[PDB]
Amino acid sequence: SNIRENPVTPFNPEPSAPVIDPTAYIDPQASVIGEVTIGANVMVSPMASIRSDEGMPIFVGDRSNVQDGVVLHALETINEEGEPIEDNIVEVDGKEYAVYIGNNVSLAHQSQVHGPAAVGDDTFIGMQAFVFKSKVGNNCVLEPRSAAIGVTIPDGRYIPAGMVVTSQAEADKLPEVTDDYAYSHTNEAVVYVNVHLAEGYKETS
């Protein structure tokens, strides 16, 4: 089976199985392992790997999409002695996650979000982009091949294609998404399409 429990290890005493909304579509060639929650109308495409086997949940909010070859994984959040590693946990609305993906988020082909990380609602994470140890705000755009490592990206900003942002001083001066910006409407279109693809693929299973 491609939907599986995580294994017992010294940093995971109890196996968890994924919690998947009945309206989500998980492609038979995707892999989803461990403590993962997947929301309504989510589409998970071929060759994606969502793997939560180091403690703490990976959460994927409603109407989000995880496209082909995307990887979601996270650093250990509980060490061998049962002690939570706080640096490796993100807090969102009073709850703790290893990776939090909000609602209406697009994780486009071959991107990767590696915990600890949070991605706010209505954000587009572009093809081959990378997010690690970062909080990306709502209504953001990571263009293809951009990356955010160790930073907070404020709401409504975009990172130009290929730019690797590693310092908060850079993240603070990112340009704003405006109506005339080339990717300002991209995520809404991708979400609309993927919500419809998820329902169409569900009707073939």
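Numbering starts at 1 and follows the sequence shown.
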(request) With reference to the PDB entry, specify whether the mean Cα temperature factor is higher for 159-167 or for 24-32. (result) 159-167
(request) Output the stretch having the higher mean C-alpha B factor in the entry; the candidates are 175-183 and 146-154. (result) 175-183
(request) Pick out which of 92, 74, 108, 105 has the highest C-alpha B-factor in the PDB entry. (result) 92
(message) By the CA temperature factor listed in this entry, which of these ranks top: 126, 82, 120, 115?
(response) 82
(message) How does the C-alpha B factor of residue 39 compare with the rest of the chain: lowest, middle or highest third?
(response) middle
(request) Grab the CA temperature factor for residue 61 from the record and place it in the lowest, middle or highest third of its chain. (result) middle
(message) Please place residue 131 in the lowest, middle or highest third of its chain according to the CA B-factor in the PDB entry.
(response) lowest
(message) Ranking every modelled residue in this chain by its Cα temperature factor as given in the entry, which third contains residue 98?
(response) middle
(request) Grab the CA temperature factor for residue 3 from the record and place it in the lowest, middle or highest third of its chain. (result) middle
